[PDB]
Amino acid sequence: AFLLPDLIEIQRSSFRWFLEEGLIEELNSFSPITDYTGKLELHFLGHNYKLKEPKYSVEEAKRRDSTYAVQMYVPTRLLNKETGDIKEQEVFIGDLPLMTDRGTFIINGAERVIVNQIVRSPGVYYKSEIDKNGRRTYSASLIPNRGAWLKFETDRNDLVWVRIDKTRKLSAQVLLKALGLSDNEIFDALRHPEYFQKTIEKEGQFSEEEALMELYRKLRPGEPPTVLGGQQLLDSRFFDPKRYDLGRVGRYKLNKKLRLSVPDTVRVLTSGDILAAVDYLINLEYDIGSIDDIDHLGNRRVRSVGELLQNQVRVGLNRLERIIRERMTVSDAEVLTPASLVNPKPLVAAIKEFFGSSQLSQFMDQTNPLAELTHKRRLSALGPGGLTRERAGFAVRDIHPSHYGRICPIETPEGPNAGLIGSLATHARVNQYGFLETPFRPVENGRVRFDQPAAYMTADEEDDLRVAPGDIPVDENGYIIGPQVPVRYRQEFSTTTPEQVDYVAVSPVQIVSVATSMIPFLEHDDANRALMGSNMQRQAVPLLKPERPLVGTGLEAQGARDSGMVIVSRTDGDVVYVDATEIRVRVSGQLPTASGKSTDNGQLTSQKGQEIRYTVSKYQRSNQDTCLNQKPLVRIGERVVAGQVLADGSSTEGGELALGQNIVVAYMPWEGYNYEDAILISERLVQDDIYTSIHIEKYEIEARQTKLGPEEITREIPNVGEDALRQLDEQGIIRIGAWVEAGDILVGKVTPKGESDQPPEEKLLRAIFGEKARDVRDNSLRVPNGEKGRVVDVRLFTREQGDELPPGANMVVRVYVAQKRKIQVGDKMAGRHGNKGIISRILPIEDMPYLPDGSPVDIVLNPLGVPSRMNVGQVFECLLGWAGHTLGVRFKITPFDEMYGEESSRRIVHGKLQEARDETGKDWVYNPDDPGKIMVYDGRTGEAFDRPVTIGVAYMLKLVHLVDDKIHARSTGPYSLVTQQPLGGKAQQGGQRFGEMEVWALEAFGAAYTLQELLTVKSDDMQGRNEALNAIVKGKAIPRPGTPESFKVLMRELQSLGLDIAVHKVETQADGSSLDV
Amino acid sequence: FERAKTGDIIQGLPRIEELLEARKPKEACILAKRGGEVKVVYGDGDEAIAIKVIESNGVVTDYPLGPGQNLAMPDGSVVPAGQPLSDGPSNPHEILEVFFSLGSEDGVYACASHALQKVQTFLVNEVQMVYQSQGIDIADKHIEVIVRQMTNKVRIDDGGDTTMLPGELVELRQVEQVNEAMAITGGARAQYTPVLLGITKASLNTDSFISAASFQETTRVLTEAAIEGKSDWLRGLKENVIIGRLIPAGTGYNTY
Amino acid sequence: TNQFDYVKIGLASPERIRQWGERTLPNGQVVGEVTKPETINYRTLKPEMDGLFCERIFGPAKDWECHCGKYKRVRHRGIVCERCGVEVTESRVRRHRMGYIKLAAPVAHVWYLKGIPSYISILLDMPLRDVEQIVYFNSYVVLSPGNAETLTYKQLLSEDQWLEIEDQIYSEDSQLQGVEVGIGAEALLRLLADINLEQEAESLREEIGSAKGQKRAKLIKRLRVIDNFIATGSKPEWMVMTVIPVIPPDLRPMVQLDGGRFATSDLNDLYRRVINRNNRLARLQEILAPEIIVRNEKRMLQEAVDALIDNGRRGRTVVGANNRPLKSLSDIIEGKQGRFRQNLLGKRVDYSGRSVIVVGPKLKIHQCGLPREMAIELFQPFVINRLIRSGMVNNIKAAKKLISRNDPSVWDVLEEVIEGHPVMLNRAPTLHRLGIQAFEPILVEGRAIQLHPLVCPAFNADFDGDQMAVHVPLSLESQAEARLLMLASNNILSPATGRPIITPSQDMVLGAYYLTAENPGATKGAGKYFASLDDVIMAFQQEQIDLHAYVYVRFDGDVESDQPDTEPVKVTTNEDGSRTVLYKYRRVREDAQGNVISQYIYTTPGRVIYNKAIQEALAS
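If you're matching them up, the sequences are chains A, B and C in order. For full-length UniProt numbering, add 23 to where a residue sits in the first sequence, where the first one is 1. For full-length UniProt numbering, add 1003 to where a residue sits in the second sequence, where the first one is 1. For full-length UniProt numbering, add 5 to where a residue sits in the third sequence, where the first one is 1.
Now the structure itself:
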């Protein structure tokens, strides 16, 4: 049907935008500077970022671990108001990471993306409210884009105050700021200036005192005020465009809100506005008009790099400016070149930073294509400008019914962040103001003509109208059918009739988002469960060859396609040379590359063998250590058109998404294993290499001038022999491609250890061996434990090797090690319907109940389903699958199989089965009696049972966080600094923390020594620790503990704070009072 | 149009929560005396209004208001707060002093007591009921334990005798014990109205300052205690832990 | 344990503060004080010699090494360095020394001051913005002398007025009153220190009887402090202070970081600050700068100090390179993460291991899986011990090495070390005592923890990916009581309610159900007859009857049937003992026959299983 516009452009667009202009306009707005005395102009033709060009392949920049960027010149102009003379130059000022294929950026060689967030929009708003009785004040409030605010209200007088921040101010003269005659807001309001008139105290004191003491006796107190004062005060605060952006929006709303008339770019405000407000406030004291609800998606706005950036740049400037302001100005009239008077830096920071950190330069994560998408078109509420988790609570997390269509409600982390992080509906997108125009369909006489290329309007939910939910039994040829078609309307649903209706949704699955509108039979499940679903889907590792599932929602080919994890017919051509690393159908020069000569790009390699030499890349690490690669996939000599797709990303398959596989499942209660939240598995499962994935691995290490010296990298190290000085290069590195194991050496380096501190007993033991011992710690690098796996690579980094290292390091070495992994007991692994499950036993294949045809089934989940999960949806499709599994044919589908009085999905599926018999007559393919139930024997001995069990194929999926990702142990190890208690943090020998509630399970029990000791000897009596340890090594018990540390610490503090702690004993018959350490 | 506090889901913890701290936000025009007369509805009233209550063995009329969210109706054979007269949670405190208004004849103890429990009991149930609201089971035996813990502190008054300032909310024994002393060695009788200390007031700033400190007021109680030297032998548990040595039980209960 | 009984909370008088860092030496001349705010040197890294890390007053970071040098070994211990005055005493002597700063200006302890009751004020009977003014240099006070003339006691001269107090100068009549205009805490000092107070709690208590309906709350308060002070030895003046303790350095440790960069601690930072401010100020009075600087100054100092104690308390939260509020002394021992509540009730021990979890069928209850990988480390040592016992391993490093080699013993000895040796498991923080119990560690392969269904409810576990965590007990005694009283067997039932808590819960119920249900139409082996032996069983494997199939069974015992039938029905009055009588279940022989010679039960052949299964598990 429709056309899915590109679904990430969201941020393609933005950037381009900016780029295309989004900063010129700022820029040259900031172009005009000039001496401190108007006498020496410093303006520039800010209308060209004249940017020379990126230096690196992307690839490079990865390899160089550098920030793909650009850099960027501004021609400037003829300077000075003393003798008007140019000393013209241009300048670049900074490097700009000019985006990437995935519409994101990479920097420092890593890979990141900038989320886009969502905030309220400048303009004005009113909130009224009650007392404890019903005194129903109002308020008002203003927000620039940037700059302070202006607050108003009505405090049981009906008489009012121009508060500025929260309640900073409060003046009866709410509208007597910079206006004489008074009538301008006494009669020009033609309403109720202070309910018709005047405050009580409508005193009109504002002659020479105008803009004086108002901004002093109850502002900003404590100075001999000065009518200037007050003035130069306000006018700052609202007039230097310097600091008050309304925001195009700003206007744009206003006016709209108040059909003010001020178009005018009037990027900052007026008076007439102000009052205009105030009226409105009044008018509704009298109640003529509406308070405003910010929750309404419409009056709330989302913004992306384009400006996030941009403005952040602006501040870059200002800072810069100053520097210049003087450095340019104050000094003499010659030296001042349009060159050494400007410096990047501050910009280069600001951005270098912005990216380099915000909360928005998030890392990408490329687990798998759709984890991207959905992480680009994610949008967020938090962030600087936003909220915090705390400072915003709840009803600000809910489905304001305007989200409809615009924010998949199904979609959310949790943790606290529920609600704070939504993603984007499928079809949504945004208007240059940064509200989400929502595609729809114009139904005439309550009937969509379809022809309409949708209806890209309804940026806000208040189209206000008959709007139909894109799930309508629709008469062929337009007409709706039921005279009871619902509709939202003014945020309400409402029984409607087909005639008097306007708007239909383009589809019944738009409000949802990625991983949500994809559920095979969504329509049929709990929501939340489907929540989980989605997410799981994002976490499915990718596999050697993730197969396109069987029953899928149609909607995906695209999704893949726009990952940009695949490789797409750029243009056009009929393949020729395609080895497994590129498709020289490209730089070769024949029909591929040459209808890559049909029509022949602007600058690009317009005909020849073109750098349509796409490479294609094997096994690169991911933000999750997962590997990716795109085998040629296409044949040779054949015919492709742009947008087609050439080779496949990690886990996509026919050029379409493919997240996991599909295997035959049964539902029964296998004793113990599977008993509950447990899954069985045949052995063939991973025996066929299905479900095994890759993972690979960064390992770097580096050497560094101790002020003892260097420390190095030798082949040689003391104390070696096999797994040491064996699988080791001349610099003690490894050869590419070397098995390794769990303790062997990655790279060996030593250290200038020397001595200068030793126990006589060590000197002894020399003497006896009189070994003149060596002197060099030897921090080789060893594979830790529980790793395997070939080595892919190394990446040395020293003066010559890029020298990318901390100040004073010599070599840095990366090393990369990969790893197949089969499945194995212990792996979250779940379906597309919140089917969180863990492997428990694997059965050798010849024990599972197989099938009537003996085909051994192979998972076996628990039958009783759709409980709290309410995900009955998944049987539906199992079944289905199985149909297209026996029929051996994939089938797309869509949630909400409506236009059918009955379940529809229900008589499909049967139908298919049904007929599936007879195309093979296998018969047991389908049993109307006990639908899709089957007999089953069971391998172990050879019988079915009283109750036939359903059977289906089904698409499962295996999940990143893998057992090894969470395993730990610690006999003992490194402690803390200050507080010596073992160093528990996850990577490295950590330790289980026993918080109060945990101790509340110990002292709550009976004999609690343990408690005690646990509190100490395995965490603190320092000496206690040791010598226990010992004491067991001895072979006996352990000695009595002492007092833990952290006590002693507490002493200290407290003592360090005006105390006289006398912990102390009271001994002797003379009872003796002492004190202690 | 007035409308309901109906729905499908009601009270839950926070209900608990509250009465556990025994917060005092429960409107309750319960009088401090039993009566027994007619009290048509509002009291006397019924015509447009008069929310109001008994003086049966008495003559005074009395008459306190009430809202349109809580409406009362308990006529005749009325309550010595054998019910909170005016019928919305009387607040164990109001009920306690009411069970003290009615309970002030016996031994000031037994007035206290019979009240005192009276309420307690009360309290307990209350709680159950929430549990049964969910059916969730919690041995009343426990609850007991707490709530007793919750209320065994008097608040002194005219404490010129027991020294405890007239108003020095203190424990039940010591003061009453000191009362006995003066009671047999000359002196007044510091009032002992049995009061509840809620949840948080209970614990925290109490005997051992360490505890407290750790629980809360790490720096708040700290000041003070500091002003008092208030020694803290950490005798008991929660310290032994803080501190390492073991527990009032264990060998401390064996060797002991 | 037997080192002390009770603690003595209180205050640190300037002597006691200066008594936190004297470290007087045998050269005979005292130290402990720090004359520098900076940290380790730039060239080398050694601790200056009077800065935040001066060794000679905290201690030789390099065990027995006079910062000077000359001695680099325990041999030189009691003996110190002539030249440096370093106190040669290992290095653990640090982390405990303390040192302190003589203050160039007093600072009203933040704590007593902006406190909930502002005790200072409570005792000064002077609200904030008045006594708060006095610090902060912001007003003046008359002083007892200052107001001996027209001036009224505790009248805030602020400055203009104070200057007007300088106006109407003694060059005129009167003005013979005194001075001590309270511009700074130096005077708040002798406010406090002024007052006697034995009169309070008695002469003041004169009120307390009086003013029956008066404020009351005010007074009694003001008492109880006073009283208290006098009752303790607390002179309010001690509250303001004058000399400052200082944390043994390493707790403000500061540290070389691999990459060369360093790990500064906000402690030394707040500190050092106040140092400057101090010194400098001393140099300001030394240069006799005109007040208002020096004034200003103190003001500052003041609150440097302050923040140190407690950032963000009152003035503007300090924000350093941390690009955020710093971390004052208070707050590191406060909150959710104050020392108390997390390192102290909750420390973070070793000898542990976490993992995912999985049903452990085959493995019975009171057992646990255990991966091999983790089980080692948990048990590390114990095993090595056994090595040495078996003698196979000689030294330990021997072992160590061998342990990594996973010699047969590594997977042979171990598990002899292991059984018997309970272990404790827990699913995340668990208030409930039963939340964690004792368990027998059985080895197991993959990496999960096997886990029993019956215990699942207690811990309340999914198996959707939960995780648990293990610890292991050491003393032997601590083993005992694992066994003895947490051993997950023996605790069946909720401590919150006698109810059992082990309960076969799902499907296993419905096994049993389905076992024991009552399929209708049951024909195969229905109405059959049986007599003990588990006969009927056999018949069952020979399907002589159907799992669901009513059939008589000779059993002289008691039924319970549900749906009691006790009374007869249709007794069969025929001959000997033949009333012989039915029941909706039973069928029996009394009268002449005897008492119950017949005893066939109307029960399905499943239920018999069940009954059996209990039975035998139970007695025998």
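A virtual CB, placed ideally from N, CA and C, is assigned to each residue, including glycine.
Asked: Give me the subset of the segment 1119-1146 of chain B whose CB atoms are less than 7 Å from a CB atom of chain A, sorted by chain position.; Found: none
Asked: Could you work out which residue in A:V1100, A:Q824, A:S284 is closest to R274 of chain A when comparing CA atoms only?; Found: A:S284
Asked: For a test of the three-state rule: what should DSSP assign to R452 of chain A, helix, strand or coil?; Found: coil
Asked: From the DSSP output, which residues share a beta bridge with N685 of chain A?; Found: A:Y978
Asked: Taking only three categories from DSSP, how would you classify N802 of chain A?; Found: coil
Asked: DSSP on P98 of chain A, reduced to helix/strand/coil?; Found: strand
Asked: Check whether the segment 549-567 of chain A touches the segment 981-990 of chain A, taking contact to mean three or more Cβ pairs, one atom from each stretch, closer than 8 Å.; Found: yes
Asked: For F473 of chain A, I'd like the list of residues in its chain whose CB is within less than 8 Å of its CB, leaving aside the five on either flank, ordered along the chain.; Found: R464, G501
Asked: If you reduce the DSSP assignment to three classes, tell me which class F545 of chain C lands in.; Found: helix
Asked: Measuring straight from C-alpha to C-alpha, what distance separates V527 of chain A and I1019 of chain B?; Found: 49 Å
Asked: Residue ranges of each beta strand (DSSP E) run of no fewer than 3 residues wholly in the segment 1117-1185 of chain B, ordered along the chain?; Found: 1156-1158
Asked: Which same chain residues, not among the five before or five after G1170 of chain B, have their C-beta less than 8 Å away from its C-beta?; Found: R1158, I1159, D1160, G1162
Asked: Ignore the nearest five residues each way along the sequence and tell me which others in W1236 of chain B's own chain have a CB closer than 7 Å to its CB.; Found: none
Asked: Check whether the segment 327-335 of chain C and the segment 265-277 of chain C touch, using three or more Cβ-Cβ pairs below 8 Å as the test.; Found: yes
Asked: Quick one: is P1005 of chain A near chain C, going by C-beta distance under 7 Å?; Found: yes
Asked: Under 8 Å Cβ to Cβ from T237 of chain C, same chain only, skipping five residues before and after it: list those, please.; Found: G15
Asked: In whole angstroms, what is the alpha-carbon distance linking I504 of chain A and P28 of chain A?; Found: 29 Å
Asked: Measure the Cβ-Cβ separation of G408 of chain A and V147 of chain A and say whether it is below 7 Å.; Found: no
Asked: What residues from chain C crowd round residue 951 of chain B, counting only those whose CB sits closer than 7 Å?; Found: Residue numbering for chain B in the displayed model covers 1004 to 1259; residue 951 of chain B lies beyond these limits and cannot be assessed.
Asked: Going by DSSP, name the residue or residues bridged to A380 of chain C.; Found: Beta-bridge pairing links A380 of chain C to no other residue.
Asked: Near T293 of chain A, what residues of its chain come up, given a Cβ to Cβ distance below 7 Å and the 5 sequence neighbours on each side ignored?; Found: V285
Asked: Between B:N1094, B:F1004, B:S1089, B:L1240, which has its C-alpha nearest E1024 of chain B's C-alpha?; Found: B:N1094
Asked: When DSSP labels each residue in this structure, what does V773 of chain A get in the three-state scheme?; Found: coil
Asked: By the criterion of Cβ-Cβ separation under 7 Å, what are the contact partners of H856 of chain A in chain C?; Found: The premise fails here: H856 of chain A is roughly 13 Å from chain C at the closest Cβ pair, so nothing lies under 7 Å.
Asked: Between A:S803, A:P829, A:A299, A:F417, which has its C-alpha nearest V770 of chain A's C-alpha?; Found: A:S803
Asked: Do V537 of chain A and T435 of chain A have their CB atoms nearer than 7 Å?; Found: no
Asked: Can you have a look at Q1078 of chain A and say buried or exposed, based on whether 16 or more other CB atoms are within 10 angstroms of its CB?; Found: buried
Asked: Report the rounded CA-to-CA distance for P1028 of chain B versus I1141 of chain B, giving the unit in angstroms.; Found: 26 Å
Asked: Would you tell me roughly how many angstroms separate the C-alpha atoms of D570 of chain C and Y588 of chain C, rounded to the nearest one?; Found: 6 Å
Asked: Please list the partners that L1240 of chain B has in chain A, where partner means a Cβ-to-Cβ separation under 8 Å.; Found: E1026
Asked: On a CA-only basis, which of C:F142, C:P111, C:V112, C:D199 is nearest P150 of chain C? Give me that one, please.; Found: C:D199
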